[PDB]
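Novice:
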Amino acid sequence: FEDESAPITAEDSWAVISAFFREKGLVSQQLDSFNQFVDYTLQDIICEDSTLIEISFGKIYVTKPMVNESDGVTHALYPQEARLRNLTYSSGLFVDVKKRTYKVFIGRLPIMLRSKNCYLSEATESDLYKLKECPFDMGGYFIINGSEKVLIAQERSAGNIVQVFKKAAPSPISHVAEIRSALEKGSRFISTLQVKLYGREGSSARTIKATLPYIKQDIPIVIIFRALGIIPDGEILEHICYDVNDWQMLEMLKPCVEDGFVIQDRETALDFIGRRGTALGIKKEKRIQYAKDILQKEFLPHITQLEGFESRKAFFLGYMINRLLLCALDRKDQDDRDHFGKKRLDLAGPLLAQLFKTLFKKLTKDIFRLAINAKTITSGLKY
Amino acid sequence: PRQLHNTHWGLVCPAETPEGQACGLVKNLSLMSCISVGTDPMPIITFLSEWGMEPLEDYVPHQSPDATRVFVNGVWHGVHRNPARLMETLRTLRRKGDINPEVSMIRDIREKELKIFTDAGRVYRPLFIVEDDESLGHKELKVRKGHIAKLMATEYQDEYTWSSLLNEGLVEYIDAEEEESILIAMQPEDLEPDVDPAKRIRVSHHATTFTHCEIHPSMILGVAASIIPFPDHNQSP
Amino acid sequence: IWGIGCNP
Amino acid sequence: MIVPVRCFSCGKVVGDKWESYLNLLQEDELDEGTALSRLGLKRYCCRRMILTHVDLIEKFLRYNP
Amino acid sequence: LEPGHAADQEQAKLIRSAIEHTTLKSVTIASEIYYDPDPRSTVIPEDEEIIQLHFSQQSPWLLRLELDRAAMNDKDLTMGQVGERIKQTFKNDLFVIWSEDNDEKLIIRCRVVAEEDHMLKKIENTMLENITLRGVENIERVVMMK
Amino acid sequence: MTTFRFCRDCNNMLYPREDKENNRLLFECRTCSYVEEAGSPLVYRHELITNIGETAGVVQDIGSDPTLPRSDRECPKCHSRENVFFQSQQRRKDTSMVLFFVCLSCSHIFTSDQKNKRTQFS
Amino acid sequence: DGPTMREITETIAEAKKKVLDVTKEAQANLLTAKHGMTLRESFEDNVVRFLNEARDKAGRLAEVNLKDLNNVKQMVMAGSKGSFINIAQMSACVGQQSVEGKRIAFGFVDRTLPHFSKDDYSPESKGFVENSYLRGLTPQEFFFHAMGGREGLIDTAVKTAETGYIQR
Ligand SMILES: [Zn+2]
Ligand SMILES: [Zn+2]
Ligand SMILES: [Zn+2]
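Here it is, written out as structure tokens:
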């Protein structure tokens, strides 16, 4: 009688769909993104540079929506009234400082309707009708200065993704492998890396040089591998070409080896880089030290910024070179900059995190100069 | 940027864009699109080496070319021989819920690469999972009439929820990137093993490879277009 | 709309 | 908001058949098609008037002031 | 085409190939550099017949191009033409020899006439791109129609 | 097909040198003083028309790739009928549309090119 | 006409044979490249000629049928709004979609949509819309027709601008 293991029919689809919308509604992208901010992202920002040369910030608490009254108690604030009375449906921010010799209010956060923090998230149907808020409101917006504001999803290219591109017949570079590495949390330092293939098909010795940050000259890739500790030709090509039989690829590199001949060891390699990033009066060690820090923090940061991970970057740099060549050898087509799988849509959550970071970094600067300007925040966000 | 890319299928409405300057630059998410909120990769990266992922520090290529390399959020964490069983597990874990549904895992078999994505901002949609774990016939959608009854059972009572479906490996979330590695059935009916001349003509089900099945094709549409009657008999513009 | 050598 | 008083197209008075029509469904468990013909709505212009109406006043009444 | 030859689909073909630009790159299968020391006998078996057949300074390095017969006779090209063109390209700065039009393989051999292996890779390049075998500069595709 | 060697001691690339006195090919190192004779006289090869890359992607788990098309031709070896096929993986404009099949039973690679001009497909 | 619809359906079914054979041909490496063209260039060329001939002949079959009572035809005979191409897309085959003068490209790796298999150059895969507007489009036919649709909207925006500046 209706075998529960009977195949499903096309009509049975809408049941699965209704279930979907019954659980997410229509603007979950808004709600979810914002909730993720309040619940997790918000805190994680209070811990980045949460220490000053001591004073360290601890836990964050987000009040329910309230109003700053001139000549009056702090009142609870419901959206309906925030609209009418040109207010900003926001909730207070409270941190937990630890003053050590060597709560606290800190700004207002505008809140997205129907988000966990909003008053309508837990409201029943009649609770809404009493509150003069249509039960049909889906609410993925904010109420700022009385007007309802929406944060349009900003679409951008994803980060930490290798991409090779051919190049205009005129330029001396025939192909470029690019990555725009950035850190997920803390500070999003986006230092682009570019592995360029000089010379067009039929030019003499098509050389490959990388572009490191803060260094005023493209550096032959062999010099970089050696700067990273991988010294012998054989070992370097082994990180690039993973097939001992691919004589064609190996052949494309011959001019690279030759291009980095002069440099035969890690120190000379580092100095080579250090010099293209230092003035002429700087002493060897300082130069070499400059190149170490660069390769450690400015070079491929999405991988690591710590110390003993030189082998991890050499293989990744080799990977990029591999993919660059695989394209110059007409074995793969240059990457499609329009493939949606490599895009990302920024919403209230992520968007609100850039401002908040930056702003919190200003509130964190002032403290380095209870001596806290809460308005720095409530204004920036509201602005 | 303003042209309608293939990879927009199911993720962004193909019809609702504004005329003029903003044409193709201002888009609208399709009814069932969602956006990843972000998850920590630590657990996964941990499980990965517990399951045989050779650390990059000990990887010698000329000594194991067939190796598959694994990336997590863009980072090449390591290499792994026989990745097949790791992928089986990874999918099972995600279909349980031990790995967040939101997490995208893709295995490019010919390219010898396994890539995982945990970051926010990836647009994805839900599809019916189709596996042959069913003996009785062949390859079928894991959702059966018994499931739909429970769904509607909870409806009528206004507890089987959308989340239940996710938790019981019946439906999966899928982003454009992962969408690359699968084969999707348009109608659950073309999973089957003198024709009305009035109907529109359709193509065959020469697919014994189906890995998923669309919940419903009319879901590629966004909100605005979802209000047009018979949009499939109308001229595109 | 129509085909190649025509409109899209 | 409320049952229009008359059928836009012809004038038939229809603002007096909404409660009936509503009962003809719940308490008599009839179908809208049969329900409408039994209310005398024979031509489709008058039919659409009721079959399509949306009683939004019922939602407005739920507001306190 | 000229007045009295507008129907000769064959004169149309000749003019097409006389106008259409053609470099060695468009007719070459592959290029190789061998260490072939004895200018007389060869390390390459197939080319023994070609060297003997050429008796009725030079470096030990050998540049050897393998041309494709299809693209060849297609663009109406002769081993003697291609070869004589290359030779009259590198003055006396290059020894050139080539198999004949009857031989089963179209092959060109060149020796510089010490940093040799290098000059050669450059010469190898100049040949594939800068030498015009037949045709006019800039005219690439050339299609006939009626 | 210039398969090259590296130094025995320092693992660096070797370069072609000529033994003028005996007229033979040697490969020296430019770091140390290592030096060896040559395998073949072929020092360099440039293929204007190439085949390498066509077959790229023939992995052990290639049959479990759901996106790949399947046919039931007969492999010239085990005559099995479980095939998976793809077009030339090279990404040139001047490529053909020939198909390459992979026996899922013995992993043998065969073609539909009725002008089969090669034996290994590598 | 009931019969005309059968004639139209077969007319296309015939084009999918002509295209299917040019494929087996080309897959065997028997197609001969037309001087100054790639195999793949001339391959496409033929499939597009085939499909268009179909679309066209499918459209005339529909045109011929319509009686003089037919109002659409009555408008056409007088001059006011409407052409062959319009009647053809409504009644017979809608046609082949296309972006930048080619058939729908492999946006996904080696395929137009995730519903097809890799290396599928058939007409259904690459954008030919067999159905008419009357019959309705299939989801794949629908998306492809939207891809083509967007191309027009885009340069209607462009064409618009570029001409208001030229005229000045
Ligand atoms: Zn009426
Ligand atoms: Zn050495
Ligand atoms: Zn076999």
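Protein chains in written order, with our numbering: chain F, 2 to 384; chain Z, 6 to 242; chain V, 3 to 10; chain S, 33 to 97; chain G, 113 to 258; chain X, 104 to 225; chain D, 53 to 220.
Built from N, CA and C at the ideal position, the CB exists for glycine as well.
1. Measure the beta-carbon distance from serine 116 (chain F) to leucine 32 (chain F) and round it to whole angstroms, keeping in mind my assumption that it falls under 8 Å.
2. Who are the near neighbours of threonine 51 (chain Z) in its chain, counting only those whose CB is closer than 6 Å to its CB and skipping five residues on each side?
3. Run the proximity test for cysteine 222 (chain G): is its beta-carbon closer than 8 Å to any non-hydrogen atom belonging to ligand 2?
4. Taking 8 Å as the cut-off, does the CB of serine 34 (chain F) come closer than this to any heavy atom belonging to ligand 3?
5. Taking 9 Å as the threshold (C-beta atoms), are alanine 67 (chain D) and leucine 103 (chain D) in contact?
6. Is any heavy atom of ligand 2 found at a distance shorter than 8 Å from the C-beta of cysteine 132 (chain X)?
7. With burial defined as no fewer than 16 other Cβ atoms inside 10 Å of the residue's Cβ, what is the status of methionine 239 (chain G): buried or exposed?
8. Under a Cβ-count criterion, where at least 16 other Cβ atoms within 10 Å of its own Cβ denotes burial, should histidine 176 (chain F) be classed as buried or exposed?
9. In the stretch 181-205 of chain F, which residues sit with their C-beta less than 7 Å from some C-beta in chain G, listed in chain order?
10. Distance, Cα to Cα, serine 158 (chain F) vs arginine 345 (chain F)?
11. Please return the same chain residues whose Cβ sits closer than 6 Å to the Cβ of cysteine 42 (chain S), not counting the five positions on each side in sequence.
12. Could you tell me which whole alpha helix (DSSP H) segments of length 4 or greater appear in the stretch 240-296 of chain F?
13. Relative to chain F, which residues along the stretch 204-237 of chain G have a C-beta separation below 9 Å, given in chain order?
14. Distance, Cα to Cα, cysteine 8 (chain V) vs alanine 106 (chain D)?
15. Compute the Euclidean distance between the alpha carbons of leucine 165 (chain G) and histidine 133 (chain G), then round it to the nearest angstrom.
16. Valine 248 (chain G) touches chain D at which residues, Cβ-Cβ below 9 Å?
17. Please determine whether the Cβ atom of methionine 81 (chain S) lies at a distance below 8 Å from any heavy atom of ligand 1.
18. Using a threshold of 9 Å, state whether the C-beta atoms of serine 54 (chain Z) and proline 60 (chain Z) are closer than that.
19. Using the DSSP secondary-structure output, state which residues sit across from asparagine 69 (chain F) in a beta bridge.
20. Tell me which same chain residues have a C-beta within less than 8 Å of the C-beta of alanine 65 (chain D), skipping the five on either side of it?
21. Where does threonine 154 (chain G) fall in DSSP's three states?
22. Of all the options X:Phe109, X:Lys218, X:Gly160, X:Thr105, which has the alpha carbon lying nearest to the alpha carbon of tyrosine 146 (chain G)?
23. Helix or strand or just coil, what does DSSP make of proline 131 (chain Z)?
24. Kindly say whether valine 139 (chain G), judged by its beta-carbon, lies nearer than 9 Å to any beta-carbon of chain D.
25. Residues of chain F with CB under 9 Å from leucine 240 (chain G), in chain order?
26. Report yes or no: is there a C-beta of chain G within less than 9 Å of the C-beta of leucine 117 (chain X)?
27. Say whether chain D places a C-beta atom closer than 9 Å to the C-beta of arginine 253 (chain G).
28. Along the chain, where does the alpha helix (DSSP H) that runs through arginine 100 (chain Z) open and close?
29. Between the stretch 27-43 of chain Z and the stretch 143-150 of chain F, do three or more beta carbon pairs fall short of 8 Å?
30. I'd like to know if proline 149 (chain G) contacts chain X, where contact means its C-beta is closer than 9 Å to some C-beta of that chain.
31. Short of 9 Å Cβ to Cβ, which residues in the stretch 5-21 of chain F face chain Z?
32. Quick check on the contact list: which residues have their beta carbon closer than 6 Å to a heavy atom of ligand 1?
33. Between which two residues does the beta strand (DSSP E) containing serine 19 (chain F) stretch?
34. Taking C-beta pairs closer than 9 Å, name the residues in chain F that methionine 104 (chain X) reaches, listed in chain order.
35. Give the interface partners of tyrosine 120 (chain F) over in chain S, defined as CB-CB distance under 7 Å, in chain order.
36. Assign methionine 257 (chain G) to one of two classes, buried (16 or more other C-beta atoms within 10 Å of its C-beta) or exposed (fewer than that).
Specialist: Concretely, from the data shown:
1. 6 Å
2. none
3. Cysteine 222 (chain G) has its Cβ no nearer than 8 Å to any heavy atom of ligand 2.
4. no
5. yes
6. Under cutoff, so the answer is yes.
7. Answer is buried; the Cβ neighbour count reaches 16.
8. buried
9. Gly203, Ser205
10. 6 Å
11. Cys77
12. 248-260, 267-276, 285-294
13. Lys233, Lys234, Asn237
14. Spanning the alpha carbons of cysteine 8 (chain V) and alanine 106 (chain D) requires a straight line of approximately 14 Å.
15. 32 Å
16. Within chain D, no residue comes near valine 248 (chain G); the closest Cβ sits about 15 Å away, beyond 9 Å.
17. yes
18. Contact check for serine 54 (chain Z) against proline 60 (chain Z) passes: the beta carbons are separated by less than 9 Å.
19. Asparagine 69 (chain F) is not bridged to any residue.
20. none
21. coil
22. X:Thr105
23. strand
24. no
25. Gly203
26. no
27. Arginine 253 (chain G) counts as touching chain D.
28. 89-101
29. no
30. Chain X has a Cβ within less than 9 Å of the Cβ of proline 149 (chain G).
31. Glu5, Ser6, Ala7, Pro8, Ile9, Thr10, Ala11, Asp13, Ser14, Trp15, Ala16, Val17, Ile18, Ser19, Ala20, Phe21
32. S:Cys39, S:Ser41, S:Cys42, S:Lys44, S:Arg75, S:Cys77, S:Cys78
33. Following the DSSP letters along the chain, one finds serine 19 (chain F) in no beta strand (DSSP E) but inside the alpha helix (DSSP H) bounded by residues 14-25.
34. Residues of chain F with a Cβ closer than 9 Å to the Cβ of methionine 104 (chain X) are, in chain order, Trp248.
35. Here the premise fails: no neighbours, minimum Cβ distance about 17 Å.
36. By the 10 Å Cβ count, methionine 257 (chain G) comes out exposed.
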